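Reviewing the structure listed below.
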Amino acid sequence: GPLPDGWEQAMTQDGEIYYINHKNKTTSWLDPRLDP
Amino acid sequence: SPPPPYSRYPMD
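Protein chains in written order, with the authors' numbering: chain A, 230 to 265; chain B, 206 to 217.
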């Protein structure tokens with residue numbers, strides 16, 4: 230869905246999507262806003 | 206797996 234805008238979902242060729250958080254400088258695979 | 210370092214994008 231629409232992310233908090235700190236992180237962007239990029240697709241790695243291994244077949245996994247990862248969020249690069251430019252604000253917290255941290256990686257997390259899946260959409261955290263879909264958590265609720 | 207732990208997500209790759211945000212420093213750069215994995216090409217694999």
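No residue lacks a Cβ here, since even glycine has one placed at the ideal position from N, Cα and C.
If you measure between the beta carbons of residue i and residue j, is that distance less than 8 Å?
i	j	result
A/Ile246	A/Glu237	no
B/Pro207	B/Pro215	no
Below 8 Å on the Cβ atoms is my contact criterion, and I expect residue i with residue j to pass it. Report the Cβ-Cβ distance as a whole number of Å.
i	j	result
B/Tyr211	A/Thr241	Not confirmed; about 13 Å, so no contact.
A/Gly230	A/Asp260	6 Å
Pull the bridge partners of residue i from the DSSP assignment, please.
i	result
A/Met240	A/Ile246
A/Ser257	A/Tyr248
May I have the straight-line CA-CA distance separating residue i from residue j, to the nearest angstrom?
i	j	result
A/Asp243	A/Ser257	15 Å
A/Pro265	A/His251	22 Å
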